[PDB]
Each structure stands twice: as structure tokens, then as C-alpha cells.
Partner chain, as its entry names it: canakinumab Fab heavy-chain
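As C-alpha cells, one chain now follows by itself in the form deposited without the partner chain.
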């Protein structure tokens, strides 16, 4: 049938919210009160891919925008980008692999691993107002843990 999707927000484990940084990047910062309206709302689609109890393949589109997070090589490195798509054709259940993330639940937090690039994760910096990026580890000083908030 039609792919199933949920509206949501994400925050990193330092409770940094995600906002637009120009047209094709996200950044993470501490937001509270009226300024929280700047945060991006996702449509999380539940897509085709290898799946287990705590590891669920998803796509992350911007709500009612033909823009998806994707993982591609840029200057020979795995990178995170926002990518435009044909709005007639998306979302779909069989999303291309660059758009797929494995949503992993570990100790009440979520990680989003690239399905294309094993052990590369959606990441934020500890510093304020820096890009959301794809990082090659769930170790280190960058943040790879998130929580989701459900949106009407």
C-alpha cells in the first residue's frame, strides 16, 4: 500500500534542536520558547531494508517538502546532504539506498546509521550552530545520539 510515515522532530543528546542552514544543510542549536518554531519537522518514512527489533530502516524527509537527507560520497568522503526529489514520486516504500538510515534504539536513545555507509552516523558537534553531518563513528566527542518528539 502507501508507505507509512510519522511527523516528528529530533534533538541530540544535548537537547540541541535542528534548524535549516540555507537550503541544503541543517545545523544544531539550543532552542527553547518561541525560537523553537524554527526547528525542522521531519516526515519519518518506514522503508524497505534489512530490519530487526531495535534497528528499523527509515527515510528522513522534511515535512511536505520534496527534500530528503541522503548519504553520498563528496570529494571521496561519505557526507550528509539534503537532496531535492520529484514530488510526484516520493515518499515511496522502496527508497534508494542513499536515503535510508537504520534507526537504532540503544538505552532509550536513537542513532541513525547510514544504510549505504556502515558505521557512519548522523552526528552533531558539541559547539553551537554547527552543521549536522555524517560522522564515521558512534565513538568520540561528536554526538550520535538523539531523541524523537512526535508532532500532530
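Throughout, rigid core stands for the largest set of C-alpha atoms superposing within 1.5 Å between the two forms. Residue numbers count along the first chain shown, from 1. Shifts are known only where both forms have a C-alpha.
Keep in mind that the form deposited with the partner chain bound is not shown, yet the notes after this line are about it.
In the entry with it bound, at least one heavy atom of residue 19 sits within 4.5 Å of a heavy atom of the partner chain. Heavy atoms closer than or equal to 4.5 Å to the partner chain in the entry with it bound belong, across 5-34, to the residues 19, 20, 21, 22, 23, 27, 29, 31, 32, 34, ordered by sequence position.
Every Cα shifting by 2 Å or more, across three or more consecutive residues, marks a moved region; comparing between this form and the one not shown on the rigid core, these regions are 32-34, 52-54.
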